[PDB]
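Values below: all heavy atoms of this structure, side chains included; hydrogens, waters and symmetry mates excluded. Along the sequence shown, residues are numbered consecutively beginning with 1.
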Amino acid sequence: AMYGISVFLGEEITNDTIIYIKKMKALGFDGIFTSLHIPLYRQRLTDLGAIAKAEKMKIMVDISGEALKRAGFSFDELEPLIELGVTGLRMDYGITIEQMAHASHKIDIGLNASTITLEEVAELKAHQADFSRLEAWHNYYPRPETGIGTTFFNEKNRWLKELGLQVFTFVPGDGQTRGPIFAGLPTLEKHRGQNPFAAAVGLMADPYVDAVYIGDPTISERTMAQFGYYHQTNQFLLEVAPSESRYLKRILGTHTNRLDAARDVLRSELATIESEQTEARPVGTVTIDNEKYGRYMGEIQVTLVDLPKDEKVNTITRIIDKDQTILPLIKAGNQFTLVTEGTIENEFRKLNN
Ligand SMILES: [Cl-]
Ligand code: NA
């Protein structure tokens, strides 16, 4: 059950990057992925391993066979690399399946989820790989419209897991995005430009995914706060639009979704509510039942689908567009906290003083 981040060593490790790494660890991230092209970097890797060892974080290094040798390392003499703080290698160029099998008893081995064949997997068996140390990593997709689909992904992952492997996947970040396109580094195209927190949490719930990594350099403070809030409290933190409603304060705060969860709505399980505004209820609409609903007066709901106008249901505010992909994550019995737009960062700050 791993969350991870990416670090880009094509640039010098800034203080912002170190600050980031340390904060992500405190937010429940235990892993680092980094991809190296070396046409120096050896000292950069020595600096990063130091951060990771101290911070108790793993490092998977994606590197070509030649870039590894031209980094003064060799795949057959791994003690130095392990000494550095590297816990895994994903080789793509120039290493045999056989070398990889042998290396799996010493270090985690990254495979390419999309290209690994049943034959190569059978060869790793034949060479007595430690399959408990084999990680099948999906790729990420800088170019919009080129990420993989849910079906293929699900299909692939089931197969991978059936073969005994671990499944690792990326979500994009929304702080500092990687160039040259700056459109995020998702694995799944449906995550393109989406809330990374909602993307990560949803993927992690999938029974065939073992780990989720931020593909881009950083996530925004807002998104960090959502991870942090969920990690410390098990609550989903979402923002709502400003409203003039008299019932706004009743709906701000923590709610628990009923354990017998409705198809259409989230239902908050816990004087007179007068008729106020009773407008259409598009997805994300926060509502309170008024006095016309009799014994249901005061029930608080958030719509999961577009619902029509109802005279008996006051419409109070709406979940912020960006947080609406969190809504399907909120299952039977899950808690969620509604805060007013722009305050997610200070709301998470408050938790920690
Ligand atoms: Cl899809
Ligand atoms: Na999972």
Decide yes or no on salt bridge (charged side-chain N to carboxylate O under 4.0 Å, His left out) for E145 and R192, but give the supporting numbers first.
-> CA-CA 8 Å; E145 301 159 347; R192 174 89 47 202; over 6 Å; no

Contacts of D30 that satisfy side chain to side chain contact (heavy atoms under 4.5 Å, CB included) - sequence neighbours left out | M2, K25

Is [X] reaching over with its side chain to a backbone N or O of [Y], donor-acceptor style, under 3.5 angstrom?
X: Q43; Y: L40; value: no
X: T303; Y: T285; value: yes
X: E135; Y: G110; value: no
X: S6; Y: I214; value: yes
X: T34; Y: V7; value: yes
X: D216; Y: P172; value: no
X: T256; Y: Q335; value: no
X: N290; Y: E311; value: yes

Result of checking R318, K322, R222 against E239 for salt bridge (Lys or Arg N to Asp or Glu O under 4.0 Å) | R222

Nearest 0.5 Å, what's the [atom1]-[atom2] distance between [X] and [Y]?
X: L81; Y: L45; atom1: CG; atom2: CG; value: 6.5 Å
X: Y229; Y: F236; atom1: OH; atom2: CZ; value: 13.5 Å
X: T287; Y: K312; atom1: OG1; atom2: NZ; value: 11.5 Å
X: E55; Y: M24; atom1: CD; atom2: CE; value: 12.5 Å
X: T17; Y: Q176; atom1: OG1; atom2: CD; value: 6.5 Å
X: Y41; Y: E12; atom1: OH; atom2: CD; value: 10.5 Å

Atom pairs and distances, side-chain donor-acceptor, residues 203-210, under 3.5 Å, sequence neighbours left out:
unit_1: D206; atom_1: OD1; unit_2: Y208; atom_2: N; d: 2.8
unit_1: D210; atom_1: OD1; unit_2: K161; atom_2: NZ; d: 3.0
unit_1: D210; atom_1: OD2; unit_2: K161; atom_2: NZ; d: 3.0
unit_1: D210; atom_1: OD2; unit_2: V167; atom_2: N; d: 2.8

Smallest heavy-atom separation, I109 atom then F75 atom, equals CD1-CZ, 3.9 Å

Kindly indicate, with the supporting measurements, whether the criterion side-chain hydrogen bond (donor to acceptor under 3.5 Å, both in side chains) is fulfilled by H102 and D76.
-> CA-CA 9 Å; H102 281 63; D76 298 346; over 6 Å; no

Apply side-chain contact (heavy atoms from CB on, under 4.5 Å) to the pair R133 and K106, showing each step before the final yes or no.
-> CA-CA 9 Å; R133 294 188 89 170; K106 301 171 74 88; 5.7 Å; no

Check the pair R158 / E162 against salt bridge (charged side-chain N to carboxylate O under 4.0 Å, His left out), numbers first and verdict last.
-> CA-CA 6 Å; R158 247 184 32 91; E162 229 127 62; 3.5 Å; yes

Might you work through the side-chain hydrogen bond (donor to acceptor under 3.5 Å, both in side chains) test for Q235 and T337, ending with a clear yes or no?
-> CA-CA 7 Å; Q235 293 163 18; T337 302; 2.7 Å; yes

Verify side-chain contact (heavy atoms from CB on, under 4.5 Å) between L266 and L304, making sure each step is shown before the conclusion.
-> CA-CA 7 Å; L266 289 182; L304 292 177; 3.9 Å; yes

Determine the interplanar angle of the [X] and [Y] rings, folded into 0 to 90°, and report it as parallel if under 30°, tilted if 30 to 60°, perpendicular if over 60°.
X: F197; Y: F227; answer: perpendicular
X: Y140; Y: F170; answer: perpendicular
X: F153; Y: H138; answer: tilted

Non-hydrogen side-chain atoms of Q226 and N195 separated by less than 4.5 Å |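 The answer is yes, as the side chains (C-beta and beyond) meet within the 4.5 Å cut-off.
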
Checking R42 against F73: charged group under 6.0 Å from the ring centre and within 45 degrees of the axis?
->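 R42 over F73 ring: yes.
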
Just do the salt bridge (charged side-chain N to carboxylate O under 4.0 Å, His left out) check on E269 and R267 with the steps written out, would you?
-> CA-CA 6 Å; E269 68 163 9; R267 306 175 68 191; over 6 Å; no

With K156 via salt bridge (charged side-chain N to carboxylate O under 4.0 Å, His left out) - residues at least two apart = none

Verdict with reasoning, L111 to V121, per side-chain contact (heavy atoms from CB on, under 4.5 Å) = CA-CA 10 Å; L111 312 171; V121 183; 5.7 Å; no

